[PDB]
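K.L.:
Please see the structure below; I have some questions.
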Amino acid sequence: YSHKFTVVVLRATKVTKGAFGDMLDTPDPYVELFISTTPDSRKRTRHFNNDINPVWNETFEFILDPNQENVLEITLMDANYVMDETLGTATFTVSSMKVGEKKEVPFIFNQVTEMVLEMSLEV
Ligand SMILES: [Ca+2]
Ligand SMILES: [Ca+2]
């Protein structure tokens, strides 16, 4: 744990679903931040139900060694009441990047889903 890696889940609007999640009400947004290199990078953001235009913009720091396979395994899911439902996940190997600034990654799922993740690398 010697490399400074900061991530910031910005937004995740136009999150599509259908009638499935609409059973109770409009889709239920909820993020799931997962990584592969740290001891146990299994964090997430518990948002709410009925919402296709949420905004977390939460910056979580992660000082870990980039010697392993730093695979930023994020996952935009749907927070249910029994079992979560993944809608669109993302993966980005940060162990090998051009550290020096932030990173506005445009991650659109399907076609209308839009989720921007701002992560800045440093050491
Ligand atoms: Ca709902
Ligand atoms: Ca749900």
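Shown for chain A, in order and in Swiss-Prot numbering: 16-138.
The backbone N, Cα and C atoms fix where each Cβ goes, and this holds for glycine too.
For reference, Swiss-Prot lists these features for the protein:
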| type | residues | note |
| --- | --- | --- |
| BINDING | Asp40, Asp43, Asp93, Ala94, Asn95 | Ca(2+) 2 binding site |
| BINDING | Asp40, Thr41, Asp43, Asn65 | Ca(2+) 1 binding site |
K.L.:
Under a threshold of 6 Å between Cβ and any atom of ligand 1, which of the binding-site residues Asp93, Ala94, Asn95 are retained?
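P.N.:
From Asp93, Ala94, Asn95, counting a Cβ under 6 Å from ligand 1 as near, there are none.
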K.L.:
Of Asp43, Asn65, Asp93, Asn95, the binding-site residues listed, which put a C-beta under 6 Å from ligand 2? Please answer none if none do.
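P.N.:
With ligand 2 as the reference and 6 Å as the Cβ limit, the list reads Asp43, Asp93, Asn95.
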K.L.:
Around the Ca(2+) 2 site (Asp40, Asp43, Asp93, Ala94, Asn95), what further same-chain residues have their C-beta within 8 angstroms of the site's C-beta centre?
P.N.:
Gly36, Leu39, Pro42, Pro44, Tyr45, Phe63, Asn64, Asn65, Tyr96, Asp99, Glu100
K.L.:
Relative to the Cβ position of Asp43 (Ca(2+) 2 binding site), how many further Cβ atoms are located within 10 Å?
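P.N.:
Total other Cβ atoms inside 10 Å, all chains included: 24.
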K.L.:
So what sits near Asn95 (Ca(2+) 2 binding site) in its own chain, CB-to-CB under 8 Å and at least six residues off in sequence?
P.N.:
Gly36, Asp43
K.L.:
Tell me the Cβ contacts of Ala94 (Ca(2+) 2 binding site) under 8 Å, same chain only and six or more apart in sequence, or just say none.
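P.N.:
Sequence-distant Cβ neighbours: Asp43, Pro44, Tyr45, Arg61, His62, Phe63, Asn64.
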K.L.:
Just to confirm: which same-chain residues, 6+ apart in sequence, have a Cβ under 8 Å from the Cβ of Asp93 (Ca(2+) 2 binding site)?
P.N.:
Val30, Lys32, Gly36, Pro42, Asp43, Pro44, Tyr45, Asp99, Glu100, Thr101, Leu102
K.L.:
What's the number of neighbouring CB atoms sitting within 10 A of the CB on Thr41 (Ca(2+) 1 binding site)?
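P.N.:
By my count, 13.
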K.L.:
Name the residues of the same chain, 6+ apart in sequence, whose Cβ is under 8 Å from the Cβ of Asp40 (Ca(2+) 2 binding site)?
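P.N.:
Long-range Cβ contacts: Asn64, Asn65.
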